[PDB]
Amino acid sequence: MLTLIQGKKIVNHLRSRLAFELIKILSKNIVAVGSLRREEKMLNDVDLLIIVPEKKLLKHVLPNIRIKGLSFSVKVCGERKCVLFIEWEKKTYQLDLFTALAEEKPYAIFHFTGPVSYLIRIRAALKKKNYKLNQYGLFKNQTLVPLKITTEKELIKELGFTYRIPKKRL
């Protein structure tokens, strides 16, 4: 376990130091998610989402992730979930990395921000409008629903739900 402040600190050390095979990952594209983003006093792990600017790269980003400076082991890894165990200040913490292509970023932030309870209510509701929501996009009947949106707040509003901040979602 870690405190919110520990998580926040850890993130910052990482914001500069992410990269992949030798290509750096802009901090602009790293987004803290999960219990950290919701600003819980206590966290179990740090959950980071990474925005990939093009579809080809997913085969390479998490599979060839590079944290310049840090000691760590990889539990499991694929193109969309890589779970790392980092040695931080003589202690071991879990670091979960996820990816989203550019056009997915809001859908993903919304999904990975959580909490789960909130996601279930939201998702349950959308089934009866024939819609399907997830981390990738919004879909009607096995088809992508193109929304003229950039951010999470815009996604949440456009979907037709009340925009609440992460700390006040459950």
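Note that residue numbering follows the sequence shown and begins at 1.
Self-check item: Unmodelled stretch of the deposited sequence separating residue 21 from residue 22, binned as none, 1 to 3, 4 to 9 or 10 or more
Solution: Missing in between: 4 to 9 residues.
Practice problem: Take the C-alpha B-factors listed in the entry for 64-72 and for 133-141, compute each mean, and give the stretch with the larger one. | Solution: The recorded data point to 133-141.
Quiz item: If you average the Cα B factors in the entry, which is higher, 117-125 or 27-35?
Solution: In the deposited entry, the stretch with the higher C-alpha B-factor mean is 117-125.
Quiz item: Looking at 42, 58, 109, 46, which has the highest CA B-factor as recorded?
Solution: That would be 58.
Exercise. Would you mind checking where the Cα B-factor of residue 1 ranks among the modelled residues of its chain, as the lowest, middle or highest third?
Key: Top third by C-alpha B-factor.
Self-check item: Third assignment of residue 17 from its chain's C-alpha B-factors
Solution: Highest third of the chain for residue 17's C-alpha B-factor.
Quiz item: According to the PDB entry, is the CA B factor of residue 157 in the bottom, middle or top third of its chain, that is, lowest, middle or highest?
Solution: According to the entry, residue 157 has a C-alpha B-factor in the chain's highest third.
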